[PDB]
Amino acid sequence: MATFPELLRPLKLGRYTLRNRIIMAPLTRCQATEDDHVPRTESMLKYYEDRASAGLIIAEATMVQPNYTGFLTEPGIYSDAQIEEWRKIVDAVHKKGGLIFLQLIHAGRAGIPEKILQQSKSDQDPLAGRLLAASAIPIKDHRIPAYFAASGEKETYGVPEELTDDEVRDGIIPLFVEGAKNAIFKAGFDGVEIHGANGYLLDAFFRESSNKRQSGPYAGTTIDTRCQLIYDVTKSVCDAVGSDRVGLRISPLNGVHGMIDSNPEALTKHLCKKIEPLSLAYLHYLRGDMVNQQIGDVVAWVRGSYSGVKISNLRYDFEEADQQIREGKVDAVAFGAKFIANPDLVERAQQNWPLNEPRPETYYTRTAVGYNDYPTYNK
């Protein structure tokens, strides 16, 4: 463990202490049932337990609103059936001595029209059968990926309804809260991660391009009001399960779905100071753009405006993560692609062993291929 000593240091995170700072980023793999969104335990339990040596595992984006799917077959955490399977998966990770937080998501305008708009639309279930977002602005010049599309081929995103302030406060927020309770109190997760990134609902209220709301506490007119939904959701979840079991993820420069803010630096620093009072377990962020267009020193922005645990992500390797931790710029680094391809990523870091190359074209097969078929070193 001489090559990356800083990366292998333990870390106090919330009410826990990580064995190392090699974190497994949340990765949607679509291994849940399509209709009920129940985790397919047979494959998911193995997948997660095989990666349980990670300092912390952040489980893939999981639905908080019934049937509001964005990835067609992702997991949910709203039903008893989902809770039970997650419970078994979590227990498996815990038997290996690992830690695991569940990422909570609401796809917002990235919801799949052909599925959501097919659901029933009753008065007792006011949010059902509807596309919901901050503003009625559809994702443009970007179609639904074949691996997420209901038909299996690229489909068009739809124009979402503009959530009223009451629907946000009494409809959306409570779902995140209940999802957190289900995850922690019933399934046994060590914590939850609020998905405030990658163009989904919370991020959609966060950045200018998707939030043009004219009035209300979530107006798109000012940085503070755009930060409010992320804060309110996070705060209410903290009220329910304890801030030391709550993390938050953001991506100020991620251009997926055409997301963009004209002043990412000011926005990020403003959010950091706004959540500073919550004493969260951690703040998780993408330091760059998945589409390689937007640039900005997110690591520096966060380092100078947030005193809590900072988890950075995006195109990191052991050496760089180790160095940034050494310099105190970040506390830990979350790896996505490398964890998909290396169940024993941590062990490889300890021995400075080479890594399996990822097969980026097999990330969403929904079968064992490209999911549970990556070998550990020399096996």
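For every residue, the number given is its place in the sequence shown, counted from 1.
Novice: Mean Cα B factor from the PDB record: higher for 109 to 117, or higher for 240 to 248?
Specialist: It is 109 to 117.
Novice: Averaging the C-alpha B factors as listed in the entry, name the stretch that ends up higher: 349 to 357 or 25 to 33.
Specialist: Between 349 to 357 and 25 to 33, it is 349 to 357.
Novice: Looking at the C-alpha B-factor values in the deposited entry, which of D232, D224, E193, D166 comes out highest?
Specialist: In the PDB entry, the greatest C-alpha B-factor among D232, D224, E193, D166 is found at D166.
Novice: Considering only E74, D289, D91, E276, which residue's Cα atom bears the greatest B-factor as recorded?
Specialist: Among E74, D289, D91, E276, the PDB entry lists the largest C-alpha B-factor for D91.
Novice: Taking only the Cα B-factors deposited for this chain, tell me whether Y285 sits in the lowest, middle or highest third.
Specialist: Its C-alpha B-factor, which the entry lists for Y285, ranks in the lowest third among residues of this chain.
Novice: Divide the modelled residues of the chain into thirds by Cα B-factor and specify which third, lowest, middle or highest, holds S79.
Specialist: As the PDB entry reports it, the C-alpha B-factor of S79 lands in the highest third of its chain.
Novice: How does the C-alpha B factor of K186 compare with the rest of the chain: lowest, middle or highest third?
Specialist: Its C-alpha B-factor belongs to the middle third of this chain's values.
Novice: Would you mind checking where the Cα B-factor of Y48 ranks among the modelled residues of its chain, as the lowest, middle or highest third?
Specialist: Answer is lowest: the recorded C-alpha B-factor places it there.
Novice: Relative to the other modelled residues in the chain, which third contains the C-alpha temperature factor of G98: lowest, middle or highest?
Specialist: Answer is middle: the recorded C-alpha B-factor places it there.
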